[PDB]
Amino acid sequence: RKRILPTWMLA
Amino acid sequence: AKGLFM
Amino acid sequence: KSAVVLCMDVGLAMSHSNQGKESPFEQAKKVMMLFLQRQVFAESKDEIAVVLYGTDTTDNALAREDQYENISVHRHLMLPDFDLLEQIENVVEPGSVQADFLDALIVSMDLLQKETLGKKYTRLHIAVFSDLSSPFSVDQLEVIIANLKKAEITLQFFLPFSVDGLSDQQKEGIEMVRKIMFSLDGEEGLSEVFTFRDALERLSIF
């Protein structure tokens, strides 16, 4: 299943 | 020791 | 001061008993209760948060359509109090569903990252209580681990069994947990997976 992480976890 | 036992 | 998030599984299966044994929901509760009151009566400066996954209600910041469902924030990051003890002791009840524990882990990581800005904390920790009998998606797992390392968030798991009558999903959860913990600290990381019985014993000495 697709998951959308918070933006801060993508820095 | 660490965590809850900290 | 340290920040600790108690990530408790409150899924349907947590209420299942075997041979008259205490349900893991009760076992996890006893561990959480013993830890909390130990922090309260000790005047500890550590702030505690409580996240629940498996609740019939969804109440978290990241909740969206098919995203972080059945995950509820019971207590935000702050000092533990007698109200929290009453809540954990008699208010928190098990749910009828099974939530993704990795979604719960993310919520706990987001709760710390958002509610720890500026404030100086010596340690960030997340303690997970679960029987691992809930399905979960592994999407972007490597990102979750990297953020745990980048954010210096240690991790602990507390289970109703040792790593050895388990269900298929439970066996799948074991491997995922061991995979996560080994990537974080190797052998020392594997030793951070305890049983409710063992943890209760350690929390009764000084």
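Counting neighbours? That spans all protein chains shown, and the Cβs are built from the backbone with ideal geometry, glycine included. Every number here is computed from the coordinates shown, using simple stated rules; none is lab data.
Over the Cα atoms of the protein assembly as shown, the radius of gyration divided by the Kirkwood radius equals 0.92; this is the Rg/Rh ratio. Taking the Cα centre of segment C:2-203 as reference, the dipole from Cβ charges on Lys and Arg (+1) and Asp and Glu (-1) amounts to some 580 debye. In the structure shown, the pairs C:30/C:179; C:119/C:179; C:119/C:149; C:30/C:171; A:2/B:2; C:120/C:149 are assessed against 22 Å; a Cα-Cα span above that value is assigned to C:30/C:179; C:119/C:179; C:30/C:171; A:2/B:2.
With R₀ fixed at 25 Å, the C-beta to C-beta distance from residue C:58 to residue C:187 puts the FRET efficiency at about 0.10.
Spin-label model, residue C:162 to residue C:146: label points 7 Å out along the Cα-to-beta-carbon direction sit 3.7 nm apart. Considering only beta bridges that DSSP places wholly inside the protein assembly as shown, some 20 percent are antiparallel.
Each label was represented as a point 7 Å from its Cα along the Cα-to-Cβ direction; for residue C:43 and residue C:15 these points are 4.1 nm apart.
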